[PDB]
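Some notes on the structure that comes next.
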RNA sequence: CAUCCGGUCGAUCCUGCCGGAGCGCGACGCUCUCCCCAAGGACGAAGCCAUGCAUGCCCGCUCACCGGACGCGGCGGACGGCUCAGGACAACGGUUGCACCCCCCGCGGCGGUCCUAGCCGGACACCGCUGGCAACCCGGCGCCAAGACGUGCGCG
RNA sequence: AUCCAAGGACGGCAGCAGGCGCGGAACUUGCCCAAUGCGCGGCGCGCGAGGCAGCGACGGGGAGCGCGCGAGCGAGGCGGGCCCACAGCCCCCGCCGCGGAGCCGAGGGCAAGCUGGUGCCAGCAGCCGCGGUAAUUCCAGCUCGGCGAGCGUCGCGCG
Ligand SMILES: [Mg+2]
C-alpha cells in the first residue's frame, strides 16, 4: 500500500521512523539540544541569582495593569533574566541587591498569562519563602 | 498464682561439646515468672541447677506464651571451655574486668610502630 | 581485571543448591581447592552447622574439626572449608554415625546412612587416561586422584571401586547399554535409570538416552552420567529410588505433611 | 554494602484515574459509613487485592481445562479463597471468582465477624473495643481492626480472658 | 485495570494545536500523635584537602631483662573497600577453542642423579663502646643463631 | 602543597568520619569484632570489611485524636524483667495517668455560596477569562468541599 509491508523490510521502516520523528516540535525541543544550551537554568528545577533592578511591566491589550517584576543575574551563568513576584504587596519585601531563588511558571518555557516575555517566578528571598512572608508565618527582620 | 508449666522440645545430644540442645517453652497465663531463675529447677527436673544457660528468651504479644533456649552441660569445666565469654559474664560464673577503649589501643600500637629498636618505653 | 586469584564469595553469588538464606550475611564460605570443584561440592561447615546442627557458629565448628572429630575417606580433616562431594564417606565415630554423600531427586546433597560392610570403599569415575613420566600409564578420577598401572581393560567413563584403606582397584563396571546409572549434573540431578541409547556427534557432545523404572525417558550429556553397578546399585541409595514427582504430587505430599 | 539494601518493599493500593466523580464519592462514603472505615486507603487496598485475584482468574480461564498449569493454579486459588471465607464453599469453578466483589472482602474483617456474632453493638463500638485489647482470636489477643479471620477461626473468636 | 473534558463562530460540523485530569523520580514551602522497614555529596568540580583510624599474624632461631622484649626468618599484604574520568566493530552479553598457553595454596601420586655425612664454612640483624644532624636519616669497632646464605655425601 | 636551627627533607581521601569550594540538591571527626567472612595460627589476635548505635517527612507499611449517658483504653512519667560485646528500641509485669489536623479550593473544565471593602488601581488567572460601583473569580469574616499525618508548588520521564 502506501507503506511498505514486505516480510524483509524492517530496515526501511526503522529508517523511515528515524527520519520522520524529528518533525514533532516537542520531540525536537527535547532531543535536539539547542533548548538545553539556550535555557538559562540548564535543565534545573530552579536557580539562585542576584536582583539588580526593580521594574513594572504593563499587561496586554485586553487587560490593563502594571505587573511587578525584578531583573536578576544568575550566579552560575552571569546572564540576565526577568522574574516576576506575583503575590500582592510582596515587592516591598524584595530589596535591591538581594539574594533570591527563582523558579519557573507552569508552562515549560513559554510566557504565562498577559505578562509579556516573562517566564520565571520568585519563590525565596533572603532564605525565606515569599508565600510564608505573605501569610506572616515569618518576618524578615534580618534585612 | 497461676502455675507456670514448662516443657522441653528438640532434645539433641552433643557429645562433641558435652552438652544437650534444647528449646524450652513456658506457659504463664496471667502473671509472670522470676528473671529466668525459677525456671532452672523445672528444666533440670524435666531433663545440677548451676550447669544450664538460658539466653534466647522472647515474650509474645499478650504475654501468654514465652519461648526460649537452654544449654545443659555435663561438667563445669566443659561449660568453661565451650562457651562465649559474655554468657559467663552475664551468668554468675566469672568477673568482668573493666574494658578499655580500642581507640587508645590503636593509638598505642601506632605510636609503638613509629619507634625503632627497643620501643617498650612507649 | 583483578590482579590475582579470588578469595572471597558473596552470598548472593553462591550456588543455589546450597540453600543459603539471603539475610544470613553478606558473605558465604569460600571452599578451598581439593578433591572437588566449587560447583560440585559443599563445604564441611555447612553440613556440620546448618544441617546436623551439632554447632551453632563458625568457631564451634573450628574447635570440633581441630579436635579431630570427623573423618573423610579415612583421613581426619581440620579445614572448615574442605569440599565434600558425590560418593564421599562421612563417618563420625564419637556418635557411630556413618553417611555417604549422594544426590536427592530435587538436585541437592543428602546424607544416606550406611553400614560397616560397605564403608571400606567408594566409587570413582575415570575420565582421563594419559602417559606420565617415563611413559608410565596413569589414570585419573572425579575426586582428583591418580592411580599408576591400571588394567588395560579399563577405559574412559568407566566406574572403579577402590578400598578406602588402600587405593587398589577391585572390580570395574563398563559403560554400556543396559547398565544402571545416576545423573549428577544439570536438570536431572538425582535421577536413576538404565541406558537405552548412545549417539555421538563428531567434534561435539555425546548424548545419552536413559529410561526410568516407571517408563519415563530423559536425555543428558555424557559428562554427568555416573555408573553405579550392573543393573542393580552397588551402594545404598536414598529411601526414594530416583523418582522425581510432578508439582501436583509434591503439593499433595506437602498438604498431607501439613 | 549494608544488608538492609536487599530488603524488599512495595505499595498496596491504587488511586482512581478520575477523582471527582459523584457516584463514586457517594458509593465510597456509603461503604465507609456502613463498615466504619477510617480513610479511603482501605477501599483502595481492597480494590487492589480484588484486581489481583481477578487477573489470576482471567489468565487461568484463557487456557484449556486440561492444562497442568491451569489445574495447579486454580486449585491453589480456590483453596485460598475457601479457607479465607471470601468465596462460598459450594462453588468450585474458576468462573465464580470473577463475580466476587469488595463487600465480600469486607464481610470477613474482625469488626464484621464480631458484630454478626452480637458481640458488639456497632462497627464503631467494635473498633473501640478492639483497640483497648478486650478481644482475642484462638486465645491470642488481636488489636488490628483490619485483621481478617479465616473460617476455621470464626467459632474461636471470643472476649479476652484477661480483659476487664 | 481497552474512559476523556474546556478553548477559533452571529450559530453549525471538521482539521489542528493549546490547556486539564494519573503514576514515578528529585528539589522548594506549610505542618506533624505512636510503632515497624528504609535511601542518604552521583547529577558538564575524577576540584582541593588540616586531624584521627583503615594489615597483620606466627610455627623456626633465646647466654636479652627475669621464659615476655627486640630482631632474623616464614605467610599475607595482587583479596576486600571507593568511583565511573577515559574508551563507541572496543568494553559487555550469550556461544566455541588452545592439536598456540601460564598458574600459588590445597588434594592425590611419584620419589633411582655421571665425573667431615655421629653433622661443613663465613657472615649480618638485635645488642655493647664510641659518634655525626634542626629534622628525616644513618656511620665505625666488636663476641653470637638458624627450617637464613654458600658448598655439598648420591643407583644418569 | 608542607617543615627548615635555610645547608636540606617531605606528600597524594574517587577507603571511614570530618573541613573548604560548587551547587537547587545530600548525615556522627561515635562503640565493637559478639554475629557473616578473610589473613595468620591449635584452645587465639586483627580487620572504619562488616555489625551496633546517632541525624534522617527520599520513601514504603500499620494504629489514633473517641464510644456512650458509664465505664474503658491510649500516649507520657517512675520502677522490675527480656534483649544487647556494653547500652538503648520492641515486648511483658507493677504505681501515677497531657486526647493535639493541617494543606489546598468554592465561575467552567472539576466536588464544593453571605456580608464588608477597593474600583481595569491593587490583584487573580496552567486555558477560557475576572476587576471601569452586587466583583458568584481580588483582599477579609461565615459557611462549605477534597485528601489526610500529610498537603501544595517547580523540572524531568511514561500515559
Ligand atoms: Mg655427582
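Protein chains in written order, with our numbering: chain Y, 82 to 224; chain C, 46 to 167; chain P, 198 to 455; chain E, 12 to 175.
Every residue, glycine too, gets a C-beta built ideally from N, C-alpha and C.
Between the alpha carbons of residue 386 of chain P and residue 70 of chain C lies a distance of about 41 Å.
Within 9 Å of the CB of residue 17 of chain E, the CB atoms of chain P belong to 209, 219 and 220, in sequence order along the chain. Take the alpha-carbon of residue 283 of chain P and the one of residue 254 of chain P: they are about 25 Å apart. One finds 220, 222 and 223 in chain P with Cβ atoms closer than 8 Å to the Cβ of residue 14 of chain E, taken in chain order.
Within the model, the alpha-carbon separation for residue 16 of chain E versus residue 222 of chain P is close to 12 Å.
In this structure, DSSP gives residue 242 of chain P a helical state, which the three-state scheme calls helix. Remark: C-beta atoms of residue 88 of chain E and residue 64 of chain E approach each other more closely than 9 Å. In this structure, the straight-line span from the alpha carbon of residue 93 of chain C to that of residue 323 of chain P is close to 57 Å. At least one CB of chain E lies nearer than 9 Å to the CB of residue 106 of chain C.
In this structure, the beta-carbon distance from residue 206 of chain P to residue 226 of chain P falls below 9 Å.
In this structure, residue 162 of chain E lies away from residue 146 of chain E, with their beta-carbon atoms at least 9 Å apart. Close to residue 152 of chain E, with beta-carbon spacing below 7 Å, are these residues of chain C in chain order: 106 and 107.
Three or more pairs of CB atoms, one per stretch, sit closer than 8 Å, so the region 117-133 of chain Y contacts the region 183-196 of chain Y. When rounded, the separation of the alpha-carbon atoms in residue 82 of chain E and residue 445 of chain P is 9 Å. Straight across, the Cα-Cα distance linking residue 46 of chain E with residue 22 of chain E is about 23 Å. Its Cα nearest to that of residue 319 of chain P, the residue P/271 stands out among P/271, P/353, P/352 and P/347.
If you draw a straight line from the Cα of residue 163 of chain C to the Cα of residue 153 of chain C, it is about 15 Å long. For residue 215 of chain Y, the enclosing alpha helix (DSSP H) covers residues 211-215. A residue is called buried when at least 16 other Cβ atoms come within 10 angstroms of its Cβ; residue 91 of chain E does not meet this threshold and is exposed. Of the candidates P/292, P/279, P/334 and P/204, P/279 places its Cα closest to the Cα of residue 237 of chain P. Contact with chain C is found for residue 264 of chain P, since one of that chain's Cβ atoms lies less than 9 Å from the residue's Cβ. Per the C-alpha coordinates, the member of E/61, E/25 and E/80 positioned closest to residue 448 of chain P is E/80. In this structure, residue 212 of chain P keeps its C-beta atom at 9 Å or more from the C-beta atom of residue 307 of chain P.
Contact of residue 162 of chain E with chain P is not assigned, every C-beta pair being separated by 9 Å or more. Under the three-state reduction of DSSP output, residue 163 of chain Y falls in the strand class. Only 443, 444 and 445 from the region 414-445 of chain P bring a Cβ to less than 9 Å from some Cβ of chain E.
For residue 85 of chain Y and residue 94 of chain Y, the gap between their C-alpha atoms comes out near 8 Å.
The residue from E/144, E/124 and E/133 with its alpha-carbon nearest to that of residue 168 of chain E is E/124. By the C-beta density criterion, residue 200 of chain Y is buried, having at least 16 other C-beta atoms within 10 angstroms.
In the structure shown, the three-state DSSP call for residue 367 of chain P is strand. When Cβ-Cβ separations below 9 Å define contact, residue 162 of chain C makes no contact with chain E. Leaving aside the five residues that flank residue 301 of chain P on each side, the residues in its chain whose CB is nearer than 7 Å to its CB run, in chain order, 307, 387 and 435. In this structure the region 340-357 of chain P touches the region 410-425 of chain P; the number of beta carbon pairs closer than 8 Å is three or more. For a cut-off of 8 Å, the C-beta gap from residue 88 of chain Y to residue 128 of chain Y is around 54 Å, too long to register as a contact. Measuring C-alpha to C-alpha distances from residue 135 of chain C to each of C/81, C/54, C/64 and C/55 identifies C/81 as the nearest.
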